[PDB]
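Colleague: Dumping the structure here so I can ask a few things about it.
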Amino acid sequence: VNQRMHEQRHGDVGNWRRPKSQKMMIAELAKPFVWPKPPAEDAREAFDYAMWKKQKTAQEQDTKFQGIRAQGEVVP
Amino acid sequence: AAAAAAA
Amino acid sequence: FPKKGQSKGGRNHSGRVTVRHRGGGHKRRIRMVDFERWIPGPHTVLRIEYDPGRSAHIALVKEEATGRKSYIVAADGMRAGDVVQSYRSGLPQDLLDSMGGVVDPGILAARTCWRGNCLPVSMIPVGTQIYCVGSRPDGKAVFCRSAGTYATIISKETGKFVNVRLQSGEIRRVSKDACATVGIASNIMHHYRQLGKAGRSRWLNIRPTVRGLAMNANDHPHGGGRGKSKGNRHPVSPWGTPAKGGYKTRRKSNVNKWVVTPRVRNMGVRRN
Amino acid sequence: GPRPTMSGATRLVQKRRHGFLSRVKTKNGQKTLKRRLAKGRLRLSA
Amino acid sequence: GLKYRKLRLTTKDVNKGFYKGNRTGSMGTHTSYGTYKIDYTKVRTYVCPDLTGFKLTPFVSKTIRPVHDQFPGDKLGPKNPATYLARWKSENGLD
RNA sequence: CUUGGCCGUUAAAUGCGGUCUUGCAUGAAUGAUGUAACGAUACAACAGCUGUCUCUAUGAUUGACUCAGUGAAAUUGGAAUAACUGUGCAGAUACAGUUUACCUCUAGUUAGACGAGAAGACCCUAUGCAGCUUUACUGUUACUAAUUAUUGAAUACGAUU
RNA sequence: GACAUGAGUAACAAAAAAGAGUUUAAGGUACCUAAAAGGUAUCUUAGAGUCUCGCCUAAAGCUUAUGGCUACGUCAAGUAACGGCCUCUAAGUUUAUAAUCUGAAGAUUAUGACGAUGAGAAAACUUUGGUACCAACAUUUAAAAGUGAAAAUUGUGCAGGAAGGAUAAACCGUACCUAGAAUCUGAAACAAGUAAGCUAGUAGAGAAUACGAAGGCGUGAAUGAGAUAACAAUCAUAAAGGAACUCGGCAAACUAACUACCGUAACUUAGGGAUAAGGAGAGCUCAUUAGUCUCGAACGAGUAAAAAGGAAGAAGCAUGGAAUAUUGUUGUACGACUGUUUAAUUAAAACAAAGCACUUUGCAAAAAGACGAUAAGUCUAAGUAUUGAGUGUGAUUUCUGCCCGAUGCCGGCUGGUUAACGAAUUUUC
RNA sequence: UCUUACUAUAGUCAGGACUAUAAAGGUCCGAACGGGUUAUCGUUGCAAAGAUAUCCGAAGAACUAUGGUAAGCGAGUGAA
RNA sequence: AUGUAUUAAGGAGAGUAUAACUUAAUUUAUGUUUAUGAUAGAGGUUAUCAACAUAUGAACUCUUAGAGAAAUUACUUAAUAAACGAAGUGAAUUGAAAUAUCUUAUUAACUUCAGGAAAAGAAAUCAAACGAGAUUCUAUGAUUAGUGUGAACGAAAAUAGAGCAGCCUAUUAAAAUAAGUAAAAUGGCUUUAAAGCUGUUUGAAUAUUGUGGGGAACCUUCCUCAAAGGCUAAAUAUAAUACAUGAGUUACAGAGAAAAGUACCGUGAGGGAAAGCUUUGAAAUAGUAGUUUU
Ligand SMILES: [K+]
Ligand SMILES: [K+]
Ligand SMILES: [K+]
Ligand SMILES: [K+]
Ligand SMILES: [K+]
Ligand SMILES: [K+]
Ligand SMILES: [K+]
Ligand SMILES: [K+]
Ligand SMILES: [K+]
Ligand SMILES: [K+]
Ligand SMILES: [K+]
Ligand SMILES: [K+]
Ligand SMILES: [K+]
Ligand SMILES: [K+]
Ligand SMILES: [K+]
Ligand SMILES: [K+]
Ligand SMILES: [Mg+2]
Ligand SMILES: [Mg+2]
Ligand SMILES: [Mg+2]
Ligand SMILES: [Mg+2]
Ligand SMILES: [Mg+2]
Ligand SMILES: [Mg+2]
Ligand SMILES: [Mg+2]
Ligand SMILES: [Mg+2]
Ligand SMILES: [Mg+2]
Ligand SMILES: [Mg+2]
Ligand SMILES: [Mg+2]
Ligand SMILES: [Mg+2]
Ligand SMILES: [Mg+2]
Ligand SMILES: [Mg+2]
Ligand SMILES: [Mg+2]
Ligand SMILES: [Mg+2]
Ligand SMILES: [Mg+2]
Ligand SMILES: [Mg+2]
Ligand SMILES: [Mg+2]
Ligand SMILES: [Mg+2]
Ligand SMILES: [Mg+2]
Ligand SMILES: [Mg+2]
Ligand SMILES: [Mg+2]
Ligand SMILES: [Mg+2]
Ligand SMILES: [Mg+2]
Ligand SMILES: [Mg+2]
Ligand SMILES: [Mg+2]
Ligand SMILES: [Mg+2]
Ligand SMILES: [Mg+2]
Ligand SMILES: [Mg+2]
Ligand SMILES: [Mg+2]
Ligand SMILES: [Mg+2]
Ligand SMILES: [Mg+2]
Ligand SMILES: [Mg+2]
Ligand SMILES: [Mg+2]
Ligand SMILES: [Mg+2]
Ligand SMILES: [Mg+2]
Ligand SMILES: [Mg+2]
Ligand SMILES: [Mg+2]
Ligand SMILES: [Mg+2]
Ligand SMILES: [Mg+2]
Ligand SMILES: [Mg+2]
Ligand SMILES: [Mg+2]
Ligand SMILES: [Mg+2]
Ligand SMILES: [Mg+2]
Ligand SMILES: [Mg+2]
Ligand SMILES: [Mg+2]
Ligand SMILES: [Mg+2]
Ligand SMILES: [Mg+2]
Ligand SMILES: [Mg+2]
Ligand SMILES: [Mg+2]
Ligand SMILES: [Mg+2]
Ligand SMILES: [Mg+2]
Ligand SMILES: [Mg+2]
Ligand SMILES: [Mg+2]
Ligand SMILES: [Mg+2]
Ligand SMILES: [Mg+2]
Ligand SMILES: [Mg+2]
């Protein structure tokens, strides 16, 4: 079983609660099974990886800018 | 507390 | 069986200290001692044991008829191998048919008034020392069970009672069928021992005793004052009971109808 | 002054003193729950 | 403790005999020496039929527009016990 | 009273130890009294030892100091906030008179600002409190004593008359 | 509530400690270059790592608890190499049942249930009461030897040392942190505090003392670099003197541990005092060897064997060479003593204490004493006058005198008094 | 869940010395550990009780851990 | 805040189409009216472009079987908060300028029992020589009568209004008309000394052909009522929801709560925030500029 981090009901407001835990199971197969390798970054165009990567970095920087502010700092 | 006392 | 629980610390079922100066002693076990001795027949003393929760010594006897073993208060001088018998449930046939008569007050005493034998106080002749005197016709022994204690038979009555002088010197009326073991309670040298140190008292479940003079006026009638002061206050207990002067703590409505000659009060005079 | 009285504190004793079963199963404990419930508390015990 | 002590105690916080299940069900009984014998009368199985040749899929073409059933004059249209019995006679009378 | 007299200890003894004791106001289980042993108890002396001192000096590290970064607190009616003598709610940076002083910082220092901190524990007040005490006032109990009731007899013995 | 002052001041000093290279990602500048790009160097933010140096080390290390506002891909039928759940019960708990007591609430006793800090089959395959018991202490034992556990064996002292049950693999826990370097408790990133196992080696009687292999660390710029005033802290040394200081030898210094070493006073409860005091020896090198061990062949040789060893020798200012163990003696007061006490201003002469003494308790249904809105009832105690409770004193030597008037308690008359009760009376409307 | 006492189940005390014992001692020296004697520092402290040195006990009336019990009309607990 | 209407067990945990709420978390049908409504198209996720009324599938876990460390175990078609009501028990602060009786006060609080309300209730009541005609709520009577040393405490008749309902054959099923009762002494409560309640010890009578109780010490005549047996709606108390009104509030106001009994504090009982919007931008305060003085 994998526990979950305790959190407030509305993120930063509400009572402190804990979501339901997660249960993972590992079966010892009788016949082997191998997963395929993920496509190369230059071959994920069917999923719009180009646009999704730009949005991820934009959100990635937004979380780093907030982390700097949470420390009581500002980007010179 | 203060030790100065005019007892 | 083991002696454990908060009662070892002086607490009752409520959890509060009802007996002061108790707790912290050595782990003990209670010995089931036989104070009635109804089963007749010869009993062989296997060994004289030491009882922690008792002043005298206990003897592990063995019933030669069934082999059952039991404990009894050992007499002064009783050793392993000695044979004891309890004539409380009546006299045996072999002893009754020997004389032939209904009762022979002479020979019965010569064969049954032996050290360690339990007999009714009526079957014991006058002047004999006993140490397990009973009270009721079918009650266990209650008097003179401590070490070195004994009682003498003063006179007998046709009557339902017999007079005996207890260890305290009280000549009182005892039942006719009351049990009594001939001899003296073993360990006669118990009241001569000296502990030697405070730690030996803590092993015996005895905790320190604080004097009333050492407390404040709030927790004792003797407390208060500057320096060592009794306070012009007559000695009393922490609850107001006189501790000296002769105040009897026996209930007045409970008159002792079995007392023939009451104890001799010393009246505060020095003995030595 | 205040003392560090919660040092070495176990959560087994938190449930035996201020738990929920220690109140629904007692006469005085039902008042605490009924009081905290009338006030609107979410944490009725422990 | 200050605040974490005020959360709901879980099995991942204490070990001194604190046990709490996940409502997985009872599959047997405990023994007097700490083991577990599974009673297969309580174990549950999953009856999955043979899907070979089955043509129905979980989606229906959007060309077939949704249409609800009509039961004029009947308040308990779909739940009418009479239309089920009368329909049973003509279609299947034996069973 | 008093550093009581005397003897020993000190070059010098209001101390300590011994003794004399006419003890403001010692005393026998509120125990009296003398040893061995024990003591982070208290007092006094000796030997050794030393920067404790005569009398301080030098050296080391960390602070103090400067530069760069981060960044408090008590405190504060407002201040252009000198000295003396006098004055005055009676101890003046601020009033009177005289004197002195170019403007502004830094590191030291603590004489004053009756400096800061805590609506003084001392003392007194209030027909204010709390605990304790007792032969304070008024009360409640433990406990003791008599008796109706639950509860009926029999002799007596005797006294009222 | 906002914003000033102090003040851009204090502070970022656990006496471990840092120095010089390398390097990744993202971004900001300068130049090359004007086809955008890319390259070189540099700065910022978040990292990683190499060499050298130092600190901790019976830890500031590793493995795990209590716990957790650190983080969620942490994986077990059982043993070796695992706990819980489950079974059994202790101290106790009970809005369970019955009985009893009780102004209600409730309380009591029995039984049941529940309750670990304990006990639970086998496995490198597995499913009666000393004929005793598994408290403390000591002893012996897996046969090459030594050491440390497990369990057992035997014995010793008194303080006399649990209970109960037996005998084809579900569910829950498994991450990370252990407090000197980012996580627990102390309001916090606090020089404090917190459980168990392991915790290299040298050297020692030792877990002391010194070094420190591995490991970790030398903090989140919560800092870094300089200079080395006064003064402060923490230290080192010191001419001559050696308590002249001071309330007072406060502090500091002297002393110190070791040996199977010599010696040791008054006094004494005969045990002590005593490790008294006061002296002697110590490291390196070596002659020498009864046995043990080794090598060669009884004997010979050997310390590249453990030990023994001496009035032997060498060198230096010095061989308890560095670190670790804080003086000796004497006369009194108080308390016998070991102990305990105002957590966080008084550790003592106070409290306790063994001992001593007095009062109290006969147990026939309640021993007295304590507790019980108040009882049943509980401790006392499965005790019995050599028992228990209360009071004072405070081991032991030598002793403890006079007064029973006052006060208290105890006992006592065919007594006086004597409320209720009541013979005999007496009124208002 | 601090603390005082009691209670149940458990755990810890290097090494050495003296003593009648191989083991019988509120014995001795001294770590862990537990106390907190004196002194200095600190006092808006690292700390609303700390740091360093010194000192005391360290087989016992010892210390420690996990549970349990007794406290707020009467006073729980109290080597006071 | 008040008023009116309706209603009569409340919360939490976790999960889920983040207007949609329970693992079916946006179920499936009927009727009418649909712009003269109600108060001749496009659109099934590019969704719900339809309101009203009546039905309907689903609706987990805990409180809430037993146990336990609530949301677990193990079982199973196991399931009811607070406020208000009656009785029992029953203080103190305070006032008296101290303080005992008294007052605070038949108060607060606690315990038991009960329902959507409960309790009470159809005169052994009051009146005064005339008469009224159950209970309950509100006002007047009344800072009255009266008690109390005082301080203070404090009725009833009657009146007005809200409601109105009487009965035993009770619209729910009860009486053969009530004896250890009325009453007395004594110890208390209440109170004006009566009446009423009550522990202890004692202890009656039988209807206006004048038996019993009451009419405020007590006796007597008269009047009045008929105890020791019962049923009874409404007006009333509390909570929830909705609506109406406002010289009520408009964000340090109004509820503590415009996202709240949440965050946070405390071992615990318990204590308990801040925070609206796109508008306006005062004072203090800070760095500068202009003029001016130093
Ligand atoms: K964990
Ligand atoms: K001592
Ligand atoms: K003045
Ligand atoms: K100054
Ligand atoms: K398992
Ligand atoms: K009761
Ligand atoms: K010193
Ligand atoms: K030498
Ligand atoms: K004393
Ligand atoms: K004394
Ligand atoms: K006298
Ligand atoms: K007398
Ligand atoms: K202590
Ligand atoms: K009046
Ligand atoms: K009356
Ligand atoms: K009637
Ligand atoms: Mg005692
Ligand atoms: Mg004593
Ligand atoms: Mg004592
Ligand atoms: Mg005192
Ligand atoms: Mg007193
Ligand atoms: Mg005196
Ligand atoms: Mg405190
Ligand atoms: Mg603790
Ligand atoms: Mg944990
Ligand atoms: Mg368990
Ligand atoms: Mg005396
Ligand atoms: Mg600076
Ligand atoms: Mg002047
Ligand atoms: Mg002026
Ligand atoms: Mg200064
Ligand atoms: Mg001024
Ligand atoms: Mg300054
Ligand atoms: Mg400065
Ligand atoms: Mg500085
Ligand atoms: Mg770059
Ligand atoms: Mg059980
Ligand atoms: Mg366990
Ligand atoms: Mg720390
Ligand atoms: Mg540390
Ligand atoms: Mg912390
Ligand atoms: Mg060490
Ligand atoms: Mg570490
Ligand atoms: Mg560094
Ligand atoms: Mg010198
Ligand atoms: Mg010199
Ligand atoms: Mg001098
Ligand atoms: Mg001088
Ligand atoms: Mg030389
Ligand atoms: Mg002493
Ligand atoms: Mg103190
Ligand atoms: Mg001290
Ligand atoms: Mg003596
Ligand atoms: Mg009794
Ligand atoms: Mg005398
Ligand atoms: Mg006399
Ligand atoms: Mg009378
Ligand atoms: Mg505790
Ligand atoms: Mg010792
Ligand atoms: Mg300072
Ligand atoms: Mg010692
Ligand atoms: Mg020691
Ligand atoms: Mg249940
Ligand atoms: Mg359930
Ligand atoms: Mg009225
Ligand atoms: Mg007056
Ligand atoms: Mg009638
Ligand atoms: Mg009556
Ligand atoms: Mg009358
Ligand atoms: Mg009447
Ligand atoms: Mg009248
Ligand atoms: Mg508000
Ligand atoms: Mg506004
Ligand atoms: Mg403005």
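Labeling convention for the structure tokens: chains A, B, ... as they appear, residues from 1 per chain, ligands from 1 in order of appearance.
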Residues at most 10 Å from ligand 18, using only C-alpha atoms (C1' of nucleotides) and all ligand atoms? Could they come as a ChimeraX atom specification?

Modeller: /C:207-211 /G:352-356,391-394

Colleague: Any chance you can output those residues with N, CA, C and O atoms (P, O5', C5', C4', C3', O3' and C1' of nucleotides) as a PDB file, in the first residue's frame?

Modeller:
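The new file again00.pdb reads:
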```pdb
ATOM      1  N   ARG C 207       7.373   1.498  54.554  1.00  0.00           N
ATOM      2  CA  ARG C 207       7.860   2.768  54.046  1.00  0.00           C
ATOM      3  C   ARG C 207       8.013   3.779  55.174  1.00  0.00           C
ATOM      4  O   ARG C 207       7.455   3.606  56.261  1.00  0.00           O
ATOM      5  N   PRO C 208       8.773   4.850  54.948  1.00  0.00           N
ATOM      6  CA  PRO C 208       9.091   5.773  56.042  1.00  0.00           C
ATOM      7  C   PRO C 208       7.849   6.344  56.710  1.00  0.00           C
ATOM      8  O   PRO C 208       6.796   6.506  56.090  1.00  0.00           O
ATOM      9  N   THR C 209       7.994   6.656  57.995  1.00  0.00           N
ATOM     10  CA  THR C 209       6.935   7.243  58.805  1.00  0.00           C
ATOM     11  C   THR C 209       7.313   8.678  59.149  1.00  0.00           C
ATOM     12  O   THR C 209       8.303   8.910  59.849  1.00  0.00           O
ATOM     13  N   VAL C 210       6.526   9.631  58.662  1.00  0.00           N
ATOM     14  CA  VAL C 210       6.752  11.044  58.939  1.00  0.00           C
ATOM     15  C   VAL C 210       6.003  11.429  60.205  1.00  0.00           C
ATOM     16  O   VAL C 210       4.835  11.063  60.384  1.00  0.00           O
ATOM     17  N   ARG C 211       6.675  12.162  61.086  1.00  0.00           N
ATOM     18  CA  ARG C 211       6.072  12.585  62.337  1.00  0.00           C
ATOM     19  C   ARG C 211       5.157  13.785  62.117  1.00  0.00           C
ATOM     20  O   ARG C 211       5.309  14.553  61.165  1.00  0.00           O
TER      21      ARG C 211
ATOM     22  P     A G 352      10.871  12.573  60.046  1.00  0.00           P
ATOM     23  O5'   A G 352      11.436  11.274  59.320  1.00  0.00           O
ATOM     24  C5'   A G 352      10.742  10.673  58.239  1.00  0.00           C
ATOM     25  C4'   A G 352      11.661   9.808  57.415  1.00  0.00           C
ATOM     26  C3'   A G 352      12.336   8.667  58.162  1.00  0.00           C
ATOM     27  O3'   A G 352      11.514   7.517  58.263  1.00  0.00           O
ATOM     28  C1'   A G 352      13.949   9.850  56.904  1.00  0.00           C
ATOM     29  P     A G 353      11.395   6.715  59.649  1.00  0.00           P
ATOM     30  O5'   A G 353      12.777   5.936  59.771  1.00  0.00           O
ATOM     31  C5'   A G 353      13.207   5.037  58.760  1.00  0.00           C
ATOM     32  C4'   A G 353      14.693   4.802  58.840  1.00  0.00           C
ATOM     33  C3'   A G 353      15.205   4.306  60.185  1.00  0.00           C
ATOM     34  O3'   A G 353      15.101   2.900  60.320  1.00  0.00           O
ATOM     35  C1'   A G 353      16.543   6.113  59.434  1.00  0.00           C
ATOM     36  P     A G 354      13.760   2.228  60.892  1.00  0.00           P
ATOM     37  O5'   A G 354      14.271   0.886  61.579  1.00  0.00           O
ATOM     38  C5'   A G 354      15.077  -0.034  60.859  1.00  0.00           C
ATOM     39  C4'   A G 354      16.414  -0.237  61.524  1.00  0.00           C
ATOM     40  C3'   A G 354      16.371  -0.469  63.026  1.00  0.00           C
ATOM     41  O3'   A G 354      16.092  -1.815  63.365  1.00  0.00           O
ATOM     42  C1'   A G 354      18.012   1.158  62.524  1.00  0.00           C
ATOM     43  P     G G 355      14.968  -2.161  64.458  1.00  0.00           P
ATOM     44  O5'   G G 355      15.532  -1.518  65.797  1.00  0.00           O
ATOM     45  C5'   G G 355      16.752  -1.966  66.363  1.00  0.00           C
ATOM     46  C4'   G G 355      17.266  -0.994  67.392  1.00  0.00           C
ATOM     47  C3'   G G 355      16.337  -0.702  68.558  1.00  0.00           C
ATOM     48  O3'   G G 355      16.354  -1.698  69.564  1.00  0.00           O
ATOM     49  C1'   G G 355      17.142   1.326  67.690  1.00  0.00           C
ATOM     50  P     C G 356      15.022  -1.999  70.412  1.00  0.00           P
ATOM     51  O5'   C G 356      14.751  -0.650  71.211  1.00  0.00           O
ATOM     52  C5'   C G 356      15.691  -0.174  72.160  1.00  0.00           C
ATOM     53  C4'   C G 356      15.255   1.122  72.793  1.00  0.00           C
ATOM     54  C3'   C G 356      13.839   1.159  73.340  1.00  0.00           C
ATOM     55  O3'   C G 356      13.703   0.529  74.599  1.00  0.00           O
ATOM     56  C1'   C G 356      14.244   3.122  72.103  1.00  0.00           C
ATOM     57  P     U G 391       0.789   9.513  63.744  1.00  0.00           P
ATOM     58  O5'   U G 391       1.365   9.786  65.202  1.00  0.00           O
ATOM     59  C5'   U G 391       0.619  10.542  66.140  1.00  0.00           C
ATOM     60  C4'   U G 391       1.306  10.611  67.479  1.00  0.00           C
ATOM     61  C3'   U G 391       2.776  10.985  67.457  1.00  0.00           C
ATOM     62  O3'   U G 391       3.004  12.371  67.297  1.00  0.00           O
ATOM     63  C1'   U G 391       2.478   9.126  68.863  1.00  0.00           C
ATOM     64  P     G G 392       4.236  12.877  66.401  1.00  0.00           P
ATOM     65  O5'   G G 392       5.496  12.718  67.358  1.00  0.00           O
ATOM     66  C5'   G G 392       5.712  13.637  68.414  1.00  0.00           C
ATOM     67  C4'   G G 392       6.473  13.020  69.558  1.00  0.00           C
ATOM     68  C3'   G G 392       7.971  12.873  69.374  1.00  0.00           C
ATOM     69  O3'   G G 392       8.680  14.086  69.556  1.00  0.00           O
ATOM     70  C1'   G G 392       7.089  10.885  70.289  1.00  0.00           C
ATOM     71  P     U G 393       9.942  14.432  68.623  1.00  0.00           P
ATOM     72  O5'   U G 393      11.099  13.476  69.151  1.00  0.00           O
ATOM     73  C5'   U G 393      11.634  13.640  70.454  1.00  0.00           C
ATOM     74  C4'   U G 393      12.417  12.431  70.891  1.00  0.00           C
ATOM     75  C3'   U G 393      13.653  12.098  70.071  1.00  0.00           C
ATOM     76  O3'   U G 393      14.789  12.861  70.436  1.00  0.00           O
ATOM     77  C1'   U G 393      12.378  10.140  70.398  1.00  0.00           C
ATOM     78  P     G G 394      15.875  13.274  69.327  1.00  0.00           P
ATOM     79  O5'   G G 394      16.470  11.886  68.827  1.00  0.00           O
ATOM     80  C5'   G G 394      17.089  10.968  69.723  1.00  0.00           C
ATOM     81  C4'   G G 394      17.340   9.646  69.046  1.00  0.00           C
ATOM     82  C3'   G G 394      18.445   9.674  67.996  1.00  0.00           C
ATOM     83  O3'   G G 394      19.049   8.386  67.879  1.00  0.00           O
ATOM     84  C1'   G G 394      16.399   9.174  66.951  1.00  0.00           C
TER      85        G G 394
END
```

Colleague: Could you list the protein, DNA and RNA residues that have any atom within 9 Å of ligand 13, counting only C-alpha atoms (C1' of nucleotides) and all ligand atoms, and write them as a list in words?

Modeller: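 The residues near ligand 13 are residues 341 and 343 of chain G; 35 and 36 of chain H.
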
Colleague: Just the residues within 9 Å of stretch 1-6 of chain B, please, counting only C-alpha atoms (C1' of nucleotides), with nothing from its chain fewer than 6 positions along; format it as a ChimeraX atom specification.

Modeller: /F:118,121-122

Colleague: Using only C-alpha atoms (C1' of nucleotides) and all ligand atoms, which protein or nucleic acid residues are at most 8 Å from ligand 52, as a list in words?

Modeller: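 Answer in the requested format: residues 345, 346 and 347 of chain G; 36 of chain H.
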
Colleague: For residue I:2, work out the shell of residues within 12 Å, counting only C-alpha atoms (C1' of nucleotides) and skipping chain neighbours fewer than 2 positions away, then give it as a list in words.

Modeller: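 The residues satisfying every condition are residues 4, 244, 245, 246 and 248 of chain I.
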
Colleague: Go ahead and write the selection's residues with C-alpha atoms (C1' of nucleotides) as a PDB file, in the first residue's frame.

Modeller:
```pdb
ATOM      1  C1'   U I   4     -46.429  34.681   9.664  1.00  0.00           C
ATOM      2  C1'   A I 244     -42.759  39.360   4.530  1.00  0.00           C
ATOM      3  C1'   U I 245     -41.419  44.083   6.608  1.00  0.00           C
ATOM      4  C1'   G I 246     -37.119  47.757   8.048  1.00  0.00           C
ATOM      5  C1'   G I 248     -31.581  47.680  10.866  1.00  0.00           C
TER       6        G I 248
END
```

Colleague: So which residues are near ligand 15, meaning at most 8 Å away with only C-alpha atoms (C1' of nucleotides) and all ligand atoms counted, given back as JSON, numbers by chain?

Modeller: {"I": [194, 195, 196]}

Colleague: Convert the current residue selection to file output with N, CA, C and O atoms (P, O5', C5', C4', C3', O3' and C1' of nucleotides), as a PDB file, in the first residue's frame.

Modeller:
```
ATOM      1  P     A I 194     -50.950  27.939  60.418  1.00  0.00           P
ATOM      2  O5'   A I 194     -52.268  28.136  59.548  1.00  0.00           O
ATOM      3  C5'   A I 194     -53.540  28.223  60.168  1.00  0.00           C
ATOM      4  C4'   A I 194     -54.640  28.416  59.156  1.00  0.00           C
ATOM      5  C3'   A I 194     -54.733  27.372  58.054  1.00  0.00           C
ATOM      6  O3'   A I 194     -55.419  26.199  58.452  1.00  0.00           O
ATOM      7  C1'   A I 194     -54.825  29.524  57.098  1.00  0.00           C
ATOM      8  P     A I 195     -54.907  24.758  57.964  1.00  0.00           P
ATOM      9  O5'   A I 195     -54.927  24.864  56.376  1.00  0.00           O
ATOM     10  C5'   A I 195     -56.149  24.940  55.660  1.00  0.00           C
ATOM     11  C4'   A I 195     -55.907  25.110  54.183  1.00  0.00           C
ATOM     12  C3'   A I 195     -54.990  24.083  53.536  1.00  0.00           C
ATOM     13  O3'   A I 195     -55.634  22.863  53.222  1.00  0.00           O
ATOM     14  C1'   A I 195     -54.314  26.238  52.881  1.00  0.00           C
ATOM     15  P     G I 196     -54.881  21.468  53.483  1.00  0.00           P
ATOM     16  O5'   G I 196     -53.719  21.462  52.396  1.00  0.00           O
ATOM     17  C5'   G I 196     -54.011  21.478  51.008  1.00  0.00           C
ATOM     18  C4'   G I 196     -52.768  21.724  50.192  1.00  0.00           C
ATOM     19  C3'   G I 196     -51.627  20.743  50.410  1.00  0.00           C
ATOM     20  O3'   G I 196     -51.779  19.536  49.685  1.00  0.00           O
ATOM     21  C1'   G I 196     -50.790  22.939  50.530  1.00  0.00           C
TER      22        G I 196
END
```

Colleague: What does the distance from atom 1 (K, counted along the ligand's line) of ligand 16 to atom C1' of residue I:175 come to in Å, to one decimal?

Modeller: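 Separating atom 1 (K, counted along the ligand's line) of ligand 16 from atom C1' of residue I:175 is a distance of 10.8 Å.
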
Colleague: Quick one: distance from atom CA of residue D:10 to atom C1' of residue G:113 in Å, one decimal?

Modeller: 26.4 Å

Colleague: Quick one, how far is atom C1' of residue G:15 from atom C1' of residue G:235?

Modeller: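 Between these atoms lies a distance of 10.7 Å.
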
Colleague: Taking only C-alpha atoms (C1' of nucleotides) and all ligand atoms into account, which residues have an atom no farther than 9 Å from ligand 12? I'd like them as a ChimeraX atom specification.

Modeller: /G:404-408

Colleague: Could I get the residue neighbourhood of ligand 67 at 10 Å, counting only C-alpha atoms (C1' of nucleotides) and all ligand atoms, as JSON, numbers by chain?

Modeller: {"I": [124, 177, 178, 212, 226, 227, 228, 229]}

Colleague: Would you give me, as a list in words, the residues in chain A that DSSP reads as strand (DSSP E or B)?

Modeller: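 Answer for chain A, restricted to strand (DSSP E or B): residues 2, 7, 8, 11, 16, 17 and 22 of chain A.
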
Colleague: Which residues are close to residue F:114, i.e. within 12 Å by only C-alpha atoms (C1' of nucleotides), leaving aside same-chain residues fewer than 2 positions away? Reply as an NGL selection string.

Modeller: :F and (91-92 or 112)

Colleague: Okay, now the selection with C-alpha atoms (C1' of nucleotides), as a PDB file, in the first residue's frame?

Modeller:
```
ATOM      1  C1'   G F  91      18.240  68.028  43.750  1.00  0.00           C
ATOM      2  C1'   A F  92      17.063  72.198  36.310  1.00  0.00           C
ATOM      3  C1'   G F 112      23.405  62.613  34.824  1.00  0.00           C
TER       4        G F 112
END
```

Colleague: Quick one: residues within 10 Å of stretch 137-144 of chain F, only C-alpha atoms (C1' of nucleotides), excluding same-chain residues fewer than 6 positions away - as an NGL selection string?

Modeller: (:C and (239-240 or 252)) or (:I and (100))

Colleague: Counting only C-alpha atoms (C1' of nucleotides) and all ligand atoms, name the residues that have an atom within 10 Å of an atom of ligand 31; the answer should be given as a VMD selection string.

Modeller: (chain F and resid 108 to 110) or (chain G and resid 231)

Colleague: Kindly provide, as a VMD selection string, all nucleotide and amino acid residues lying within 8 Å of ligand 26, counting only C-alpha atoms (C1' of nucleotides) and all ligand atoms.

Modeller: (chain E and resid 16 to 18) or (chain G and resid 84 to 85)

Colleague: Given a cut-off of 12 Å, what residues near ligand 64 show up using only C-alpha atoms (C1' of nucleotides) and all ligand atoms, put as a VMD selection string?

Modeller: chain I and resid 61 to 68 70 to 76 78 to 79

Colleague: Give as a PyMOL selection string the residues surrounding ligand 65 up to a distance of 10 Å, considering only C-alpha atoms (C1' of nucleotides) and all ligand atoms.

Modeller: chain I and resi 138-142+155-156
